[PDB]
Amino acid sequence: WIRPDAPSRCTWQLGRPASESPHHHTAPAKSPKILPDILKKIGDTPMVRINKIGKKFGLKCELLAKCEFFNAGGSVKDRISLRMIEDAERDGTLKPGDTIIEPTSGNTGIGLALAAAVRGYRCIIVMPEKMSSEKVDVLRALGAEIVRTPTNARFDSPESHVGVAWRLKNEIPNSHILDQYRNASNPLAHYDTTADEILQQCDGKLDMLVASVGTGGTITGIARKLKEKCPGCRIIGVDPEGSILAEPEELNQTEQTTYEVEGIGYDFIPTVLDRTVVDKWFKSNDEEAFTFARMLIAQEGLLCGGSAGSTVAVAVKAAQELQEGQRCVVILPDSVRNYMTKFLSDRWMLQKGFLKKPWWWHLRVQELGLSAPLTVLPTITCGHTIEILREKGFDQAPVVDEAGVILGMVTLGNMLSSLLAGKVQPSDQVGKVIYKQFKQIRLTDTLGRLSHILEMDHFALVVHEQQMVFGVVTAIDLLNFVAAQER
Amino acid sequence: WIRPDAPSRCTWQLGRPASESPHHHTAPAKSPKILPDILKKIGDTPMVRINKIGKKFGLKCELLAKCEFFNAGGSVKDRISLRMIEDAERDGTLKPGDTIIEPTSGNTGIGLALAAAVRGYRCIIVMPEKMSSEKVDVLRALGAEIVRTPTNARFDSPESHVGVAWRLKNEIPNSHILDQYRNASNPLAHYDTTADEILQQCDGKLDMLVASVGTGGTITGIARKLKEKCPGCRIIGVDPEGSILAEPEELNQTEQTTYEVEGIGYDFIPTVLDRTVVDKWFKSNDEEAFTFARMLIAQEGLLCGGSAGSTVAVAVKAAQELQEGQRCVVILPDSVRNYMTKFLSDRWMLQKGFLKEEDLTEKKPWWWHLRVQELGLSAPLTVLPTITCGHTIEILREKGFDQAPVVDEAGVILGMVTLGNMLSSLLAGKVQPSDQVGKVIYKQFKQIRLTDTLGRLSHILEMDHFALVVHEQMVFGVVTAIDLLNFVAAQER
Ligand code: HEM
Ligand code: HEM
Ligand SMILES: *Cc1c(COP(=O)(O)O)cnc(C)c1O
Ligand SMILES: *Cc1c(COP(=O)(O)O)cnc(C)c1O
Ligand code: NA
Ligand code: NA
């Protein structure tokens with residue numbers, strides 16, 4: 001076994017010329033008009049000015065986001081996945097149809113699974129239990145095999161994601177662990193490409209770089225290059241509370257060692273992380289990470305993930321010293337796709353304790369002044385439905401059976417349109433026209449609750465615990481109320 | 001009210017010089033090094049060669065995918081959202097802080113909500129009930145207000161997405177419906193940009209273009225440009241069963257008018273759709289759409305949506321008429337993000353009948369239907385929750401076990417402890433020998449029955465490390481992925 005935290009034997013030093021590098025460096029390769037496969041859509045990610053969040057928190061400098069979620073697999077890790085595989089192929093390590101096994105928090109796994117799918121490798125991913133089910137869904141669809149490990153397993157225990165990866169490799173002939181924690185291809189991808197894109201996009205002018213840290217390849221690769229090209233650029237590392245990557249060590253004094261944000265922080269120092277090139281660390285927490293991720297979406301239209309939020313949360317503190325004319329770049333590592341049922345969900349945010357209202361929000365449904373609806377039996381014909389709605393002056397009716405079970409809604413307009421198009425005959429029962437989907441809501445529920453319900457259903461049927469329908473309410477009724485009140 | 005199917009008053013005809021257009025026309029532009037905002041990340045999408053799928057279905061031509069899911073909002077509609085807003089701003093129609101209301105199947109709503117978030121407009125989306133909750137979650141996060149309409153509401157009834165959009169607008173001052181069904185800004189975005197990109201990318205050489213159809217903006221804009229610049233190019237339109245877009249009308253004969261694929265097909269002919277520039281239509285269905293979308297992911301690594309699947313399902317038939325050296329381009333409209341809990345989920349697919357246990361078990365390994373009991377389980381040592389960390393080390397070592405379920409006096413399973421994690425914890429000073437195991441115990445696990453299959457175990461092991469075998473409450477066994485691997489390897493030796 002080779003431990004993921006063994007001290008690095010890299011003899012790189014700032015001031016040492018590139019000639020002396022024992023490593024293979026891949027230069028930018030002119031992209032053809034037609035990409036031979038999706039793996040060429042990795043790199044050259046956009047750099048986008050942040051327009052509202054910096055100003056809101058009193059930054060004077062320019063704040064720019066390097067948006068790594070536009071890579072083919074949706075994350076920054078697509079760069080290292082591709083580079084680790086290509087170098088291993090060049091080395092003769094990785095032969096056609098071999099098996100790739102990787103311990104990952106998710107994104108390196110997705111990157112590797114995507115390349116494996118394209119290139120024809122068997123791919124086995126080992127991922128802690130805390131990681132999102134959205135990651136599992138994409139991994140499965142890409143044909144990866146998936147093993148999970150307890151989130152709280154110490155990294156050197158047999159059941160850690162690293163321990164289990166090495167134990168699987170030992171049982172599977174022609175398997176390899178490319179090993180993002182030790183493989184130079186990880187930070188070198190960022191040194192050769194990500195860093196050169198940033199310089200190019202900024203015309204070599206950059207005062208601060210803020211990056212969250214997991215393996216440390218991103219911050220290490222970018223920093224080694226920037227210290228060479230742009231030594232005035234301050235390097236700011238972001239580490240979650242619970243992790244021990246940050247220096248000085250006094251920053252890491254808490255009991256808690258778990259957190260909800262995914263992809264950053266560890267219980268060991270990865271070999272590829274060079275902490276000497278980080279000028280200053282900040283600790284982040286889950287609440288600010290998710291607050292800022294939601295802000296990035298809502299104010300900048302940037303559909304990014306949790307650690308992107310961590311990074312920007314730090315950047316608005318760290319770049320406060322910068323002046324107008326100066327420039328801070330942040331790395332946004334992955335996409336909102338990984339977190340659809342996590343921080344993107346208000347219910348989740350509430351459950352986890354991580355979370356303004358219009359004037360009408362706390363009012364109750366009954367204050368709408370509901371009209372008691374006409375109801376019809378499910379045995380009514382399409383023709384008699386038209387006749388009774390028009391005769392009684394209603395445009396719709398709940399269909400309710402003899403036992404009082406609400407079966408759905410019919411409307412005058414849809415019944416007429418269906419008749420006139422020959423979809424139903426006047427003597428048909430209403431089965432082919434009835435709207436079956438609706439949501440019940442109480443007389444005593446809030447209009448806020450109604451508003452939420454109306455994001456999923458057209459019709460809310462008003463009921464009460466104490467068999468009767470008190471009203472049918474749609475979004476137009478709620479608007480009419482709100483508008484009338486304020487006119 | 002203006003019906004979204006009124007006959008087009010456009011007098012374009014194939015052969016009329018571009019100098020006769022009365023429209024505003026843009027073109028693809030080089031983008032700046034630093035984007036001023038994310039709305040610049042729209043257009044110039046990749047054209048990617050499809051390497052496995054074409055060959056597998058016998059195609060001789062080159063098959064290329066235009067991947068619109070790389071746009072800022074995740075779809076092709078980001079092009080028309082931006083264009084409709086920019087034109088309405090230049091017009092003087094849309095003023096600072098006005099309200100945008102749009103009837104949408106979801107992607108145009110997302111596009112407009114994204115632009116509205118950036119530029120500061122109130123945005124109200126009106127979306128049929130069938131559209132995914134993933135769309136709702138993105139819309140919500142972008143600050144859009146969301147209203148829904150019955151999926152099988154006829155377009156001309158008051159409760160359709162188009163009818164409800166009109167009724168909302170009438171009650172909200174300073175609101176506008178940009179109206180993708182009638183607004184020239186929709187097909188023009190594709191005529192001016194999408195089509196020109198496709199031609200630049202193909203060096204002006206292609207033989208067939210296959211596109212699925214909803215508003216008709218994509219196919220109409222592309223086809224009008226291609227018919228002018230590449231008149232050999234065959235235009236193939238894809239329409240779901242249940243929709244009336246396709247011609248001849250005989251193709252549209254069907255029992256149902258509902259389907260699960262999102263973003264294509266309608267019960268009316270949108271004003272922006274020019275069907276005269278479509279050479280041939282193919283009817284698609286849900287099963288092939290989702291089969292092909294999953295195949296695009298699994299074989300090409302293209303993280304696309306349902307209608308992308310519809311399009312490729314048709315392309316592998318339509319392009320059979322092409323020979324080696326010809327080229328077919330397909331439009332892939334949106335991303336897998338919208339369908340995470342729909343076609344991406346095997347449970348949803350099974351529930352819907354688009355996946356049948358038969359070919360779900362054809363691809364299955366020999367061990368798949370063996371039972372957990374056939375692993376030959378060892379009775380595990382269990383320990384009480386009052387055991388100390390020190391005594392856990394001792395009893396595991398003494399009795400020869402690497403792990404033990406923690407089980408209270410009443411038989412409740414509290415979790416697992418392991419020798420390795422207990423020792424690492426002790427050596428690192430996280431616990432002391434006399435501590436109880438609360439801080440080291442793994443509380444997460446999944447129960448499985450002796451009579452469950454190894455296929456079921458395999459699924460379980462994609463979510464949990466430990467499966468604890470129980471029966472109707474003694475523990476029969478503890479199983480992990482490594483145990484399953486060892487068993488399969490031993491039987492295959
Ligand atoms: C003048 C430039 C450089 C020199 C002279 C240098 C030198 C070395 C040497 C001697 C090794 C040890 C090989 C071995 O133990 O088998 C090594 C490993 C490594 N280098 Fe470099 N290196 C340079 C640049 C870089 C850069 C730019 C990066 C990353 C951005 C990097 C990352 C690594 C990593 C991750 C390893 C593996 C560490 C280990 O196994 O302990 N190096 N380097
Ligand atoms: C090249 C010569 C073209 C001419 C002479 C032409 C002409 C016209 C005219 C005169 C109208 C106004 C209808 C009215 O309100 O009276 C119109 C509307 C329109 N045009 Fe064009 N057009 C051209 C190209 C295009 C192209 C390339 C597209 C789409 C790619 C397009 C799509 C439309 C649409 C969607 C409308 C709105 C239709 C309506 O409201 O009924 N046109 N066009
Ligand atoms: C990997 C990752 C990071 C950190 O990048 P390293 O190069 O591993 O330090 C941050 N966020 C997410 C979501 C990641 O996957
Ligand atoms: C809009 C859309 C289509 C059809 O494009 P049109 O330009 O409206 O014909 C196909 N698929 C998806 C997912 C869409 O959003
Ligand atoms: Na993590
Ligand atoms: Na649809």
Side-chain angles (χ1 to χ4, degrees), chain A residues 104-107 127-128 130-132 151 161 212 214 240 242-243 258-267 306-307 310, chain B residues 2 4-25 68-69 73-80 104-111 131-132 135 179-192 194-195 211-225 227-228 237-240 245 261-266 270-274 277 289 293 304-311 331-335 338-339:
Chain A
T104 169
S105 51
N107 286 323
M127 183 168 72
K130 82 174 224 188
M131 308 308 162
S132 71
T151 299
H161 71 309
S212 64
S243 169
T258 64
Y259 45 88
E260 304 288 343
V261 169
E262 298 169 51
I264 58 170
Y266 276 107
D267 55 341
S307 68
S310 299
Chain B
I2 175 54
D5 68 342
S8 179
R9 296 158 293 183
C10 181
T11 57
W12 178 88
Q13 204 187 100
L14 180 62
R16 291 192 77 159
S19 57
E20 295 183 357
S21 176
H23 302 289
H24 183 61
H25 291 284
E68 292 294 311
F69 54 90
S75 84
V76 62
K77 299 305 213 308
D78 299 333
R79 294 178 186 263
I80 78 165
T104 173
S105 53
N107 288 321
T108 297
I110 288 166
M131 309 305 174
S132 70
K135 285 164 170 177
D179 197 348
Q180 67 181 329
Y181 302 104
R182 303 186 40 74
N183 197 324
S185 288
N186 172 4
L188 289 168
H190 300 298
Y191 180 85
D192 290 345
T194 316
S212 60
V213 192
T215 69
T218 302
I219 197 157
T220 297
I222 295 173
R224 285 184 170 192
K225 182 58 67 68
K227 288 279 169 150
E228 289 168 345
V238 177
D239 187 43
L245 301 180
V261 173
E262 299 171 50
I264 59 176
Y266 278 108
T271 299
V272 297
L273 172 58
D274 185 348
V277 296
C304 64
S307 67
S310 304
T311 305
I331 305 298
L332 309 191
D334 77 351
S335 64
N338 284 333
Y339 311 106

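What's counted below: heavy atoms across the whole structure, side chains too, no hydrogens, waters or symmetry copies. Just follow the structure's listing: the first ligand is 1, and inside any ligand the first atom is 1. Every chain is numbered from 1, with letters handed out A, B, ... down the list of sequences.
Between atom NZ of residue B:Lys77 and atom OG1 of residue B:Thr104 there is a gap of 6.5 Å, rounded to the nearest 0.5 Å. One distance of note links CG of B:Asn186 with OG1 of B:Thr220; it measures 8.5 Å at 0.5 Å rounding. One distance of note links CZ of B:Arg182 with CZ of B:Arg9; it measures 5.5 Å at 0.5 Å rounding.
Counting only distance, with no hydrogens or angles, the side chain of A:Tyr259 and the backbone of A:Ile264 share a donor-acceptor pair below 3.5 Å. Under a 3.5 Å cut-off, the side chain of A:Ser243 and the backbone N or O of A:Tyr266 do form a donor-acceptor pair. A distance-only check finds a donor-acceptor pair linking the side chain of B:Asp78 to the backbone of B:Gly74 [under 3.5 Å]. At distances below 3.5 Å, not a single donor-acceptor pair connects side-chain atoms of B:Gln180 with backbone N or O atoms of B:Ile80. Under the 3.5 Å distance criterion, the side-chain polar atoms of B:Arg79 are left unmatched by any main-chain donor or acceptor of B:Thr218. Judged by distance alone, with hydrogens and angles left aside, the side-chain atoms of B:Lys227 form no donor-acceptor pair with the main-chain N or O of B:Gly15 at under 3.5 Å. Between the side chain of B:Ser212 and the backbone N or O of B:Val238 there is no donor-acceptor pair closer than 3.5 Å. With B:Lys225 contributing its side chain and B:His190 its backbone, the two residues share no donor-acceptor pair below 3.5 Å.
Between B:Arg224 and ligand 2, at least one N/O pair is under 3.5 Å apart. Residue contacts with ligand 4: B:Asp334 is placed with no nitrogen or oxygen under 3.5 Å of a nitrogen or oxygen of the ligand (distance criterion only).
Close contacts of ligand 2 with B:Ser8, meaning ligand atoms under 4.0 Å from a residue heavy atom, involve 38 (C), 41 (O). Every atom of ligand 4 with a heavy atom of B:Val213 under 4.0 Å away is listed here by number and element: 9 (O). Residue B:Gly216 approaches ligand 4 through these ligand atoms, each under 4.0 Å from one of its heavy atoms: 6 (P), 8 (O), 9 (O). Per-residue contacts place B:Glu262 under 4.0 angstrom from the following atoms of ligand 4 (heavy atoms of the residue considered): 13 (C). Proximity to B:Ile264 (heavy-atom distance under 4.0 Å) selects the following atoms of ligand 4: 3 (C), 10 (C), 11 (N).
Within the structure, the closest approach of B:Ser212 to ligand 4 falls below 4.0 Å when heavy atoms are considered. For the ligand labelled ligand 2, residue B:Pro22 lies inside the 4.0 Å heavy-atom shell.
Looking at B:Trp12 against ligand 2, both its backbone and its side chain come within 4.0 Å, counting heavy atoms. Contact annotation for B:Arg16 and ligand 2: only side-chain heavy atoms (C-beta onward) come within less than 4.0 Å of the ligand. Under 4.0 angstrom from ligand 4, there are no non-hydrogen atoms of B:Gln180. By the criterion of a heavy-atom distance under 4.0 Å, both the backbone and the side chain of B:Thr215 are placed next to ligand 4. Contact annotation: for B:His23 versus ligand 2, heavy atoms closer than 4.0 Å belong to the side chain alone.
Residue, atom and distance of the protein heavy atom nearest to atom 5 (C) of ligand 2 are B:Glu20 O, 3.4 Å. Among protein heavy atoms, the minimum distance from atom 8 (C) of ligand 2 is reached at B:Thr11 N, 3.6 Å. Shortest contact from atom 12 (C) of ligand 4 to any protein heavy atom: B:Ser307 OG, 3.4 Å. Annotation: atom 37 (C) of ligand 2 to nearest protein heavy atom, B:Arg182 O, 4.0 Å. The protein non-hydrogen atom at the shortest distance from atom 1 (C) of ligand 4 is B:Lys77 NZ, 1.6 Å. Summary of contacts: the protein heavy atom closest to atom 34 (C) of ligand 2 is B:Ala184 CB, 3.5 Å. In terms of protein heavy-atom proximity, atom 16 (O) of ligand 2 is closest to B:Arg9 CB, 3.9 Å. Nearest protein heavy-atom neighbour of atom 2 (C) of ligand 2: B:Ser21 CA, 3.5 Å.
When B:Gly214, B:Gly263, B:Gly217, B:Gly306 are checked for heavy-atom proximity to atom 3 (C) of ligand 4, B:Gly263 turns out nearest. Nearest residue to atom 7 (O) of ligand 4 from B:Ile80, B:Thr218, B:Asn186 is B:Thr218 (criterion: closest heavy atom).
In this structure the side chain of B:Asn338 reaches within 4.5 angstrom of the side chain of B:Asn107, judged on heavy atoms. In this structure the side chain of B:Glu68 never reaches within 4.5 angstrom of the side chain of B:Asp334, judged on heavy atoms.
More than 12 heavy-atom neighbours from other residues, nucleotides or ligands sit within 6.0 angstrom of CD on B:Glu20.
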